[PDB]
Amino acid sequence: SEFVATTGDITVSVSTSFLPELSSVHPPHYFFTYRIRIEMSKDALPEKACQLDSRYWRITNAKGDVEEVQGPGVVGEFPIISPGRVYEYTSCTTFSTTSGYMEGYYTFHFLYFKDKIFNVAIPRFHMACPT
């Protein structure tokens, strides 16, 4: 399914997928991939060009266990987003429950504005196994 959040001229889109071949009911291991799309509208000023510094994830399963993940980059990269550009990457996550959800944000800095740093919301997206 598809989840979206926009901040300023930037939109973050998340598509999720359940992978049953890697998922078991015992031990409870529910494997999901997610594909993230970070895009800046064509109509934005080229001044707003910005570079991804870091990520913050809050991951919650269906029994109230929570995990925080924070670190530099996404999958080892620090992409630059400028008007019309799209950065896409894929990652995965496991839950010990049939559902879980994730939310957080990316921290960006402007390339052409001295020390202007800002956070871009990642939409909350739920992952749920039908069965």
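Numbering starts at 1 and runs along the sequence shown.
- Checked against the record, the higher mean CA B factor of 88-96 and 52-60 lies with 88-96.
- For the pair 109-117 and 8-16, the mean Cα B-factor is higher in 109-117.
- Each of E39, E103, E47, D65 has a CA temperature factor in the record; the biggest one is found at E47.
- Annotation for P27: CA B-factor lies in the highest third of the chain's modelled residues.
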